[PDB]
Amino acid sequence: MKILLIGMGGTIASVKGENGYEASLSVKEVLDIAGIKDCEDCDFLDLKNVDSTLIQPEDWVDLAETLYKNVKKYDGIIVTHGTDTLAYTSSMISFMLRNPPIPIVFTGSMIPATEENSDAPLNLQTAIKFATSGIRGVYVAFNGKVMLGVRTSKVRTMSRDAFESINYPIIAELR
């Protein structure tokens, strides 16, 4: 029912400017541009707006605190993030927040939502479908697949199917 989306940045929320400088969108704008319409009664917090290569440990603290503040209020949380360090973030968060009462789903995209063939809509559709599932825990949603956050790794640098559940069954996938 009530779903909070937290922005962290990443390609998902990008629109490279007319010279060579990446610029960032708010998470709310990202959803509108992706074209997610079912998502009503959805709140939006913007926490960072960086390329995830820039992610430092302190960011995990900010993010966990934010999350801890919001678990009792929301039924599912989604966090948009750069793919580069997504699995680091997802894993670390999994240790800080040992027993989440709600699904906390990380996602992102390789092609920015603004672009024509972006993987953003699918990833977000996926993330939202699962955020409503009632499945407690920290997850990653990518390329129509949901993975335990603490078993996910980036395996491809230039493909939509960038992630894999390693040594552990995929939790769910649209197949």
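Heads up, when I say rigid core I mean the largest set of C-alphas that superpose within 1.5 Å between the two forms. Note that residue numbering begins at 1 and tracks the sequence as displayed.
Item to check | RMS Cα shift after core superposition in 4 other deposited structures of this protein, winner of 38-46 and 61-69 | outcome: The stretch that sits farther from the shown form in 4 other deposited structures of this protein is 38-46.
Next on the checklist: Rigid core superposition, C-alpha RMS per stretch in 4 other deposited structures of this protein: which comes out larger, 51-59 or 23-31?
Outcome noted: Of the two stretches, the larger average C-alpha offset in 4 other deposited structures of this protein falls on 23-31.
Item to check | Stretch exceeding the other in mean C-alpha B-factor - 57-65, 35-43 | outcome: Mean B over CA atoms: larger for 35-43.
Item to check | Higher-scoring stretch by recorded Cα B factor average, 110-118 or 146-154 | outcome: Of 146-154 and 110-118, the stretch with the higher C-alpha B-factor average is 110-118.
Next on the checklist: For the chain shown, is the CA B-factor of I3 in the lowest, middle or highest third of its modelled residues?
Outcome noted: As the PDB entry reports it, the C-alpha B-factor of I3 lands in the highest third of its chain.
Item to check | Modelled-residue ranking by C-alpha temperature factor, third containing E18 | outcome: Its C-alpha B-factor belongs to the highest third of this chain's values.
Checklist entry - Going by what the PDB entry lists, where does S24 fall on CA B-factor within its chain: lowest, middle or highest third? => result Its C-alpha B-factor, which the entry lists for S24, ranks in the highest third among residues of this chain.
Item to check | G76, C-alpha B-factor rank within chain (lowest, middle or highest third) | outcome: Middle third by C-alpha B-factor.
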